[PDB]
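In: requesting a structural model of the entry that follows:
(chains A, B, C, D, E, F and G, ligands or ions: 8)
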Amino acid sequence: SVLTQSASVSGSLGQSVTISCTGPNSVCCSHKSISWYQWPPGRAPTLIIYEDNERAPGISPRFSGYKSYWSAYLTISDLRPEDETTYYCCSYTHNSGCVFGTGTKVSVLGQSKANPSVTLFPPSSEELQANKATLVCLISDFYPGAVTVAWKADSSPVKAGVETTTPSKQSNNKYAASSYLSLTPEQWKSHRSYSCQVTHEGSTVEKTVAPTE
Amino acid sequence: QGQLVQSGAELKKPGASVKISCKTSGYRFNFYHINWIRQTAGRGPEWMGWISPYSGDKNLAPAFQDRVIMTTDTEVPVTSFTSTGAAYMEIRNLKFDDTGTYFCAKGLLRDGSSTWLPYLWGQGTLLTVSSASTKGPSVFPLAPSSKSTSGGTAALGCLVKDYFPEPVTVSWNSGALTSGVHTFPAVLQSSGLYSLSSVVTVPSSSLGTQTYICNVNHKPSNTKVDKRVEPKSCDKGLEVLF
Amino acid sequence: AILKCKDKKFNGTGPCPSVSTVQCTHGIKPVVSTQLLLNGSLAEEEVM
Amino acid sequence: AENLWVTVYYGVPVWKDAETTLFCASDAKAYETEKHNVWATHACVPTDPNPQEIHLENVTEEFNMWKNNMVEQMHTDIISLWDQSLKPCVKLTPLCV
Amino acid sequence: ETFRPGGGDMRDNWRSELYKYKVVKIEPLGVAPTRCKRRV
Amino acid sequence: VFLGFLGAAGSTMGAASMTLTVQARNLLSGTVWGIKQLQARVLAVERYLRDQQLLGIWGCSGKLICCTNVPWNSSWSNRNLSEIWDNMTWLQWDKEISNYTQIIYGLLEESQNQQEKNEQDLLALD
Amino acid sequence: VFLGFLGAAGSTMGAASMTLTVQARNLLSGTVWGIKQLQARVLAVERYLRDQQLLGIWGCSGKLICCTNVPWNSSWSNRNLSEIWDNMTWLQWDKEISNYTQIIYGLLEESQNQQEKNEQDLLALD
Ligand SMILES: *[C@@H]1O[C@H](CO)[C@@H](O[C@@H]2O[C@H](CO)[C@@H](O[C@@H]3O[C@H](CO[C@H]4O[C@H](CO[C@H]5O[C@H](CO)[C@@H](O)[C@H](O)[C@@H]5O)[C@@H](O)[C@H](O[C@H]5O[C@H](CO)[C@@H](O)[C@H](O)[C@@H]5O)[C@@H]4O)[C@@H](O)[C@H](O[C@H]4O[C@H](CO)[C@@H](O)[C@H](O)[C@@H]4O)[C@@H]3O)[C@H](O)[C@H]2NC(C)=O)[C@H](O)[C@H]1NC(C)=O
Ligand SMILES: *[C@@H]1O[C@H](CO)[C@@H](O[C@@H]2O[C@H](CO)[C@@H](O[C@@H]3O[C@H](CO)[C@@H](O)[C@H](O)[C@@H]3O)[C@H](O)[C@H]2NC(C)=O)[C@H](O)[C@H]1NC(C)=O
Ligand SMILES: *[C@@H]1O[C@H](CO)[C@@H](O[C@@H]2O[C@H](CO)[C@@H](O)[C@H](O)[C@H]2NC(C)=O)[C@H](O)[C@H]1NC(C)=O
Ligand SMILES: *[C@@H]1O[C@H](CO)[C@@H](O)[C@H](O)[C@H]1NC(C)=O
Ligand SMILES: *[C@@H]1O[C@H](CO)[C@@H](O)[C@H](O)[C@H]1NC(C)=O
Ligand SMILES: *[C@@H]1O[C@H](CO)[C@@H](O)[C@H](O)[C@H]1NC(C)=O
Ligand SMILES: *[C@@H]1O[C@H](CO)[C@@H](O)[C@H](O)[C@H]1NC(C)=O
Ligand SMILES: *[C@@H]1O[C@H](CO)[C@@H](O)[C@H](O)[C@H]1NC(C)=O
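Out: Numbers count the residues shown, from 1 in each chain, chains lettered A, B, ... in the order given. Ligands and ions are numbered 1, 2, ... in the order given. This is the structure:
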């Protein structure tokens, strides 16, 4: 994109945070208007600021805008846990259309830690008559959203059929994920147990199911 | 202060066309523009264009200047200040980079320097461009597990494995059980098929006082599956409570 | 003022898309009759 | 500045449904029909030679032909019209022989 | 369904011509806010 | 452009404010059945002078537009400047403030020109 | 405080001058036997415009209060400023000046705005 924002910016709770949004003179900012949108991944965006410094209807006064001759800014005072998301800006006029920026991922610091809730599910009886075997490793309620998943076959590393999804933000201002291990019906009945290790901030949690029982 | 509803997600092969609708209600359809904005995982958010139902004037981006057609129906009056309408858009010459979510948005004001500005948005319609055919999902019941022995809580659900394309909606008891329901995103396998999981946290004391029926819906294949999740668990850490 | 509904299809009740205002209505002849309406205003397109 | 202030506007397009006393109008050629005042047209106002009809763009107003008062007014007009036209007429009281 | 000719009430005869008209009153007095203040 | 009487009825308040001198012009317009129009045209001038009296007792007199020294209470449908004149019609606007119309009128006739003009009598004697 | 219509009738002129916007408000108020009120409400607006015409041809137009460039003749009941506004009611006052009311009216419509406005036409051309 021709409109460049800040890659990443942070801010503590009860404090403020500034997001940059600049680019060439052809898009910013002389004789140009700047708007802002709260756009959560996978959800519908919400108009916050329109016409440089005017707030959209129903928008809390915690948001404020400011445009210079070379760049525009967005200050979010009194940070909330539900403000940790992606924010896009738009350069437009009365005639021309919208030219969105690169995007800004805002991380809210000063938040409380949250231990992840892991639950491992064994292959169902209907899948054993197919016959297949799929281990389901669900991860939820962890902050920040950055975890790694490793699998082991009877206390022995697994490098085949290992896949893990990207951490997705929930509705309770927390993150979630899911990992899956593709195995053969023979390996399920040849191993004493299977585990699902999840590492987060040095601390590694692990859940284990056993086909032997 | 209204509502924008679009059509369901469709699957189209590259080279073909697709028509996404957008029905409105709760306001005057002709008093505001209808913007169309898409978002891919390679080009980011992109504004395609808008159209004024009053006049019929259109303004497309140079990128969509030669393969996108926008049409709107006439306004159907409900009250003196509100009405119902529908806006369409037709994108031709589909490619692999056209895969993403497409939104339709209502204008902000009637007059001023920001009349066409997207204010009210719809729910969006997912568009997948692939040569792969539609494959039905395989729903498997998830045996209840122990979440808290001292708390007396548990967790059961269903397993949607191997389906194409996205998305898949899962409800419980025809939309009766919504509390404690956690639906996780799917995984992109090496074969190109997706697979997600749904689980609802419920107390262990509930057995013969509530029926657990997970409702998995896959419209692209026109198939619905209603699985009866067995309340009898196999977790040894939960069997103590029973 | 007197408002006038100018849509070709209107059952006399409900919201009107094309509304116009006038000071005086058109020439309405007070023809007293029953069963058969005589010398009245013709409808537009399909009969109403 | 940022704090707003009220301002009185006179001549704004604002109307509400109501009922009033309507008067008549019937061309100028209709008055030339004379014949000692036929029907009603006696002291009726001549119709404007060039009537104006303003199309209210973007306006959607709800009508109700079954709850319209112009009918109840017209009906009471034609009835009263009938009585006034028979007042100076010959009474056939001694025709019941 | 069977349909038969009716009438009686002559008020119906006027409704066939007054269906496209209705009476409204003009209220030109409207107040509205703006960043405008008078003198002292 | 001249849309005519009640022309900008479906237009925004800001746009309809240009057509104020049009609805004001056609507002006055210059044996039984003849008394039908008499009693009607008598009510016509009474309706006119009624609004003119209010327009006079307020800080206006001069028609069309005039400002006043009354702060806009937020309880009277808190909208923004650009959300009223560029996103709302006079018909749609009068529907919301209808609840507070009688209240605002009192703050114009009583609080203003009764306290403002009396204030001027003190300022004009010196 | 709002005593209502004709409230400060027994109050001093200075005190009753605060109730001017009250008597002015209820002054216009918005087959036989029905013609009884018609001929009455017609005289009502004629009585209103009559005073409004006098109020207009004088150096006033703007209602309630206005000043004029006419010296108060001592022959018109020579009272002091504090003896009029703080020791006399409007009813009691109108009883004395009633003899010179018609005289004063002539000095307002003729001597002023006919000579004042014409004077302004000479001052506005330069
Ligand atoms: C009834 O209701 C309707 C709907 O509510 C309402 O219509 C709205 O009216 C308002 C004005 O009151 C409109 O708001 C304005 O819109 C102006 C139009 O934008 C211009 O730019 C368009 C895009 O041009 C690009 O694309 C073309 C390719 O298509 C390309 O060639 C160009 O080079 C350029 O890249 C252009 O298409 C458009 O042209 C239309 O209009 C002209 C007349 O001007 C007409 O001849 C054409 O045929 C075509 O229909 C137009 O030129 C916009 O400029 C304007 O912004 C200026 O004005 C505001 C003040 O209003 C200033 O503050 C600002 O700084 C700018 O100077 C403003 O945004 C709105 O768009 C209408 N539509 C809606 C809301 O959907 C009616 O007015 C109502 N009528 C009544 C009687 O009530
Ligand atoms: C009975 O119905 C017939 C319809 O078949 C009536 O004849 C039509 O009368 C109308 C006028 O009321 C004519 O409309 C005129 O058209 C010309 C064409 O330019 C236009 O310039 C005029 O201003 C007017 O609109 C119409 O032409 C005519 N139809 C035909 C075929 O000539 C007839 O008048 C009705 N009789 C009544 C109501 O007593
Ligand atoms: C006159 O036509 C209107 C259409 O504008 C009818 O209104 C609709 O009526 C149907 C059922 O008859 C309802 O389902 C719709 O919801 C109505 N629409 C609106 C906007 O109200 C109306 O019913 C018709 N009247 C008669 C007597 O047939
Ligand atoms: C209202 O509009 C003004 C424009 O002058 C803007 O500064 C202000 O932030 C807006 N307020 C809200 C609540 O939208
Ligand atoms: C504004 O309205 C509120 C009612 O919500 C009222 O309590 C308040 O007194 C009003 N403001 C003034 C200045 O009267
Ligand atoms: C005005 O008041 C009535 C009841 O007094 C209420 O029903 C209505 O919603 C109010 N108007 C608005 C715009 O809220
Ligand atoms: C004042 O009144 C007296 C009558 O007592 C009269 O003679 C005199 O001319 C008046 N003054 C003026 C300036 O006219
Ligand atoms: C007014 O004049 C009459 C006679 O013209 C006289 O009797 C009366 O006393 C005068 N008024 C006053 C207050 O003197």
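
In: name the surrounding residues that touch the host helix or strand of residue D:83.
Out: Under the assignment given by DSSP states H and E, the secondary-structure element containing residue D:83 is helix D:69-84. Contact partners of helix D:69-84, identified using Cβ atoms under 8 Å, 6 or more residues apart in numbering or on different chains, comprise C:30, C:32, D:19, D:21-22, D:39-40, E:10-11, E:14-15, E:18, E:21-23, F:32-33. For every residue, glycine as well, the C-beta is placed using N, CA and C.

In: and the closest residue in space to residue B:231 that isn't next to it in sequence, what helix or strand is that in?
Out: Sequence neighbours aside, residue B:207 is the residue nearest to residue B:231 in space, at 4.8 Å (criterion: Cβ to Cβ, 6 or more residues apart in numbering or on different chains). Element membership of residue B:207 [criterion: DSSP H and E] is none; it lies in no helix or strand.

In: following element in sequence after the helix or strand that contains residue F:45, please.
Out: Using DSSP H and E, residue F:45 sits in helix F:35-57. Next in sequence after helix F:35-57, counting helices and strands by DSSP H and E, comes strand F:65-71.

In: tell me if the next helix or strand after that next one is near ligand 1.
Out: Per DSSP H and E, the first helix or strand lying C-terminal to strand F:65-71 is helix F:81-84. No. Using Cβ under 6 Å from any ligand atom, helix F:81-84 stays clear of ligand 1, with a minimum separation of 10.0 Å.

In: just the buried residues of helix F:81-84, please?
Out: Using 16 or more other Cβ atoms under 10 Å in any protein chain shown as the burial criterion, the residues of helix F:81-84 that qualify are F:82, F:83, F:84.

In: which residues does the closest residue to chain E within chain A contact?
Out: Nearest residue of chain A to chain E (Cβ to the nearest Cβ) works out as residue A:54 at 13.9 Å. For residue A:54, the contact set (Cβ under 8 Å, 6+ apart) comprises A:65, F:80, F:82.

In: buried residues of the helix holding residue D:83, list them for me.
Out: By neighbour count on 16+ other Cβ under 10 Å, the buried set for helix D:69-84 is D:70, D:71, D:73, D:74, D:75, D:77.

In: same check, this time on stretch B:38-47
Out: When neighbours are counted by 16+ other Cβ under 10 Å, the buried residues of stretch B:38-47 are found to be B:38, B:39, B:45, B:46, B:47.

In: find the residue at the geometric middle of chain C.
Out: Central residue of chain C (Cα atoms, centre = their mean): residue C:41, 7.0 Å from the mean position.

In: now that residue: which helix or strand?
Out: Using DSSP H and E, residue C:41 sits within no helix or strand.

In: can you check residue C:32 too?
Out: For residue C:32, there is no helix or strand it lies in under DSSP H and E.

In: and what about the residue lying farthest from the centre of chain F, helix, strand or coil?
Out: Taking Cα atoms, centre = their mean as the measure, the residue most remote from the mean C-alpha position of chain F is residue F:31, 38.1 Å away. Residue F:31 falls in the coil class when you classify it by DSSP: H, G, I helix; E, B strand; the rest coil.

In: which non-adjacent residue is nearest it?
Out: Going by Cβ to Cβ, 6+ apart, residue F:31 has residue D:43 as its nearest residue, at 6.6 Å.

In: and that neighbour, its phi and psi?
Out: The main-chain torsion angles of residue D:43 are listed as degrees, to the nearest 10 and equal phi -110, psi 30.

In: what residues are up against it?
Out: By Cβ under 8 Å, 6+ apart, the contact list for residue D:43 reads F:31, F:33, F:34.

In: what about residue 94, neighbour count?
Out: Looking at chain A here, since you left the chain open. Neighbourhood size, residue A:94 [other Cβ atoms under 10 Å in any protein chain shown]: 11.

In: chain F, not that one
Out: Taking other Cβ under 10 Å as the criterion, the count of residues near residue F:94 is 21.

In: same check, this time on the one 10 residues further on
Out: Residue F:104 is surrounded by 17 other residues when neighbours are defined as other Cβ under 10 Å.

In: one step back: out of the buried residues of helix F:81-84, who's nearest residue F:18?
Out: Here the nearest of the buried residues of helix F:81-84 to residue F:18, counting by Cβ to Cβ, is residue F:84; it sits at 15.6 Å.

In: pretty sure the closest one sits against residue E:30.
Out: No. Taking contact to mean Cβ atoms under 8 Å, the distance of 11.6 Å between residue F:84 and residue E:30 leaves them out of contact.
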